[PDB]
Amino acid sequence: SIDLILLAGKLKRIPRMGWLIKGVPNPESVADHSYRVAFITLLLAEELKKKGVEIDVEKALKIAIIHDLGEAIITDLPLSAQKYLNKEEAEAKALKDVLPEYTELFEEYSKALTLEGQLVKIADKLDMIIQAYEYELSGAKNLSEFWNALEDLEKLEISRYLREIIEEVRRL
């Protein structure tokens, strides 16, 4: 379907709103972010294989590609907005309406039960933390709280097989 392709194209324009609201001047798009979540997911999957941890790599990659696709309809609701609206719920509804196909993949990510869902959750957070560091390098002085995501990572069981990359990142 061309409509689905045009729908994913909205992620090239929809900004990542956390950065924007902080006054980061040319904030990345949701497509920008999702691209690197996929790349990170690929790298972390290979690291998990090295450690003998069984990962369905194909599944993890699909989840990374689709995980923020609901934002093509909902937009990237910032934390401030999430006090008053249920972001994942509206994303899930909108995903169900255009790609029911991938409804179970979003739930995996969203519920973060499966190793594959947790991995993408970790890739998601790593993209964001690393991106905060890069925006500080270009001048942002107000992104310290985007590092509170590391404490969240350790919450996930799979994080115990990724202590070396989590440390590489701490070392920023």
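Note that residue numbering follows the sequence shown and begins at 1.
The mean Cα B-factor in the deposited entry runs higher for 163 to 171 than for the other of 163 to 171 and 3 to 11. When 102 to 110 is weighed against 32 to 40, 102 to 110 comes out higher, by mean CA B-factor as recorded in the entry. Remark: of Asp127, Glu116, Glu58, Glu54, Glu54 shows the highest value [criterion: C-alpha B-factor in the PDB entry]. In the PDB entry, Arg16 places in the lowest third of its chain by CA B-factor. Sort the chain's modelled residues by C-alpha temperature factor and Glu71 lands in the lowest third, per the entry.
In the deposited entry, the Cα temperature factor of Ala64 sits in the bottom third of values across the chain's modelled residues. Compared with the other modelled residues of the chain, the Cα B-factor recorded for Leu143 ranks in the middle third. The PDB entry assigns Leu48 a C-alpha temperature factor belonging to the highest third of its chain's modelled residues.
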